[PDB]
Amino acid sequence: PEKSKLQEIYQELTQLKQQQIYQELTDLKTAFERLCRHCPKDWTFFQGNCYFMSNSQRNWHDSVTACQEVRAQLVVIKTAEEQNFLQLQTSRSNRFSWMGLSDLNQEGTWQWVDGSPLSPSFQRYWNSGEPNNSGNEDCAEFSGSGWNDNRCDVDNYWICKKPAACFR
């Protein structure tokens, strides 16, 4: 079967100035996954991943579960280019949307739903004066041209993300 041979490729990979060897290893792995670009209907393809801009609103927690139900994740932003792309989409659609970011576990400590912390290089995306935790806000949303922390129980459109697949 096809899905079988694919296994054989990832299998061999696992079985494979040192930082220079791994850097090229990442290039190779990426050159292959680059061939897998199938996205579910109505989803957007962007840099190897598929994004879904919901057509309805939900609170933050319900948005998180909505994404898991389609084998995806409330969008966790990894690069500046990704952030700018999403911000433009939400900006043009005039819709406030949730992202997988919150300081729920510990006020002030922003963390993505995949465990990773908010890097200082992303602090520039917050809107002027944010995050102000006005009335205890622990969830991030695309608001205007930047981010804003809002209440978890508020309703917003959301965005989910998952890797493009090799088979339809």
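One-based numbering along the sequence shown.
K.L.:
What number of deposited residues lacks coordinates in the span between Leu16 and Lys17: none, 1 to 3, 4 to 9, or 10 or more?
P.N.:
Missing residues, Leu16 to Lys17: 10 or more.
K.L.:
Read off the CA B-factors in the entry, average them over 32-40 and over 50-58, and name the higher stretch.
P.N.:
Comparing 32-40 with 50-58, the higher average CA B-factor belongs to 32-40.
K.L.:
Quick check on the record: does 67-75 or 80-88 carry the larger mean Cα temperature factor?
P.N.:
According to the entry, 67-75 carries the higher average C-alpha B-factor.
K.L.:
From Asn156, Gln23, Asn148, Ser145, can you pick the one with the highest C-alpha B factor in the entry?
P.N.:
It is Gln23.
K.L.:
Taking the values exactly as deposited, rank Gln106 by C-alpha B-factor within its chain and report the matching third: lowest, middle or highest.
P.N.:
Ranked within chain, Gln106 CA B lands in the highest tercile.
K.L.:
When the modelled residues of the chain are sorted by Cα temperature factor, does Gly115 land in the lowest, middle or highest third?
P.N.:
Top third by C-alpha B-factor.
K.L.:
With respect to C-alpha B-factor, does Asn127 fall in the lowest, middle or highest third of the chain as deposited?
P.N.:
For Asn127, whose C-alpha B-factor we compare with every modelled residue in the chain, the answer is the lowest third.
K.L.:
When the modelled residues of the chain are sorted by Cα temperature factor, does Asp27 land in the lowest, middle or highest third?
P.N.:
Top third by C-alpha B-factor.
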